[PDB]
Structure formats: structure tokens, C-alpha cells
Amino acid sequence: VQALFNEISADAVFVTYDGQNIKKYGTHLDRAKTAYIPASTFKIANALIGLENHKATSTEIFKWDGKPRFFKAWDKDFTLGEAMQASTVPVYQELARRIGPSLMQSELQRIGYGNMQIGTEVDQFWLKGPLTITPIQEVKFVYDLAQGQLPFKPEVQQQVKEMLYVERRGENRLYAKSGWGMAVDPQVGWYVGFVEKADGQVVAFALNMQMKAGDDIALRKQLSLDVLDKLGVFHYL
């Protein structure tokens, strides 16, 4: 497992949380206490705040306006769950604008997300600062989501949970959200979520690593599933 991490030149940390103990793995363990921009992983909080404050529903279709977006994959209609797995930023920037800077700021402070700072721009704060979060805060945030213990309505947490559902492996279920912050130096890579194992135990996780332009998109998820197999949390099918 240690040999897996330094097989790359990757500066990475992998955090796990079972509700009582944080475990750290990787090449750079101090990354777990270091704050980084959430990037696309903020969509979890964005979706929670939007649904809790009745600014959107999990069945609403955010239609494309016809203007080309940063990726052509984003040039289509999305629900919030579809936009979550596609990481469709323009759909969640529209959600952030429905929420507004003052409610977004008060809600992120209410739930204690990261450093609870958003600045002035309601559709940019998670992509270039000032909002930052540590990987330990990320594992605990998504672990609380898995248990329905976040300061949100129970049906709201359930809806966002199903928005993160990415794989069923027998009676085991993987929930995850990827992130790549490219508008910061250095670039940050996230892979955050939890596994609902067949025995009933929940294990949250968060990969956090340095990234650069050449990196393959699939590397973060590959690395996380690799480690999860080695940990015994999520064995390959």
C-alpha cells in the first residue's frame, strides 16, 4: 500500500474515518491537516444548502442555454444528481446564484464547512478561494452525510447521498465525489466519499493529492479504489 503510492511521483494522502478513528496513508501525511480549495467536491455542500433552503429539487432539470461550456460534456441538460457525477460547474453556479451570497455564507458558517469563508462572489469561492478545507474535514463531512448527522433535513441528506451513488458491488455500495482544482497553484486533486459495506459498517475516505496538467483524469479514482481494496474496505469484484 505504501509501495502503491510512491510508484508514482505523487504527493498524496488518503484519509479514512469509521466514526471514531482517523487513519492516514500515503506519501505526504501532513496534507491531511492542510487546507485546500474544495473545487468540485463543494457540490456536496452546494446541493445540501440548495435543497434545504428550497432553492432546487432533486428532480428539476437544469437545461442547457445553448452557450458552449468549458467541456462539451457539459453541453446538455442535467438534474442535480446528473450534474454531480458530471461535475457540471455551470449547473451548480446557477444553484449558488439561487442561494445568494448572504445565505450561502450563513449556511456554510452554520454547518462549519472548512474555514467558512466565501468572500464576495457566490459562484467562484470554491474554485479559487477563499474557501478552503482539510481532508480530515472532508472525511468527517461526508461521513456525517452517510449517517444523516449533518445539520440538514434527513430527506435532504438522503437525496444528496443518492446523488453520490457511483457503484454497487454485491451488497456493498460506493458513494464518491471527484475534484480537480485547476485555477490554483498547486493544482489539487480530490476523491472523497464513503463505502456502505455489506456487514453494515460505513467507512468514509478522502484522497487528496497534488495534480498537474498532464495527469490522467481516472488516476484519482483508480488510486482510491486500489487503496480501498488493499484496506479490505471495498474489494475488487
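Rigid core here is just the name for the largest C-alpha set that superposes within 1.5 Å across the two forms. Residue indices: 1-based, along the sequence shown.
Between 38-46 and 166-174, where do the CA atoms move more in 8 other deposited structures of this protein, taking the root mean square over the structures and residues after a core fit?
-> It is 166-174 that deviates more in 8 other deposited structures of this protein.
Using RMS Cα distance over all structures and residues, flag whichever of 186-194 and 60-68 lies farther from this form in 8 other deposited structures of this protein after a core fit.
-> Once the cores are fitted, 60-68 deviates more in 8 other deposited structures of this protein.
Of 24-32 and 37-45, the stretch whose C-alpha atoms average the higher B-factor in the entry | Here the higher of the two C-alpha B-factor means belongs to 24-32.
Could you check the entry and say whether 137-145 or 119-127 has the higher mean CA B-factor?
-> Looking at the record's C-alpha B-factors, the answer is 119-127.
Comparing against every modelled residue in the chain, figure out the third that the C-alpha B-factor of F205 lands in (lowest, middle or highest).
-> Tercile = lowest for this residue's CA B-factor.
Taking the C-alpha B-factors as the PDB entry records them, is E162 in the lowest, middle or highest third of its chain?
-> Middle third.
If you rank the chain by CA B-factor, which third does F194 end up in: lowest, middle or highest?
-> Lowest third - that is where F194 ends up once the chain's C-alpha B-factors are sorted.
In terms of the chain's CA B-factor thirds, is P151 lowest, middle or highest?
-> For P151, the deposited C-alpha B-factor lands in the lowest third.
What third of its chain's C-alpha B-factors does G170 belong to: lowest, middle or highest?
-> Highest third - that is where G170 ends up once the chain's C-alpha B-factors are sorted.
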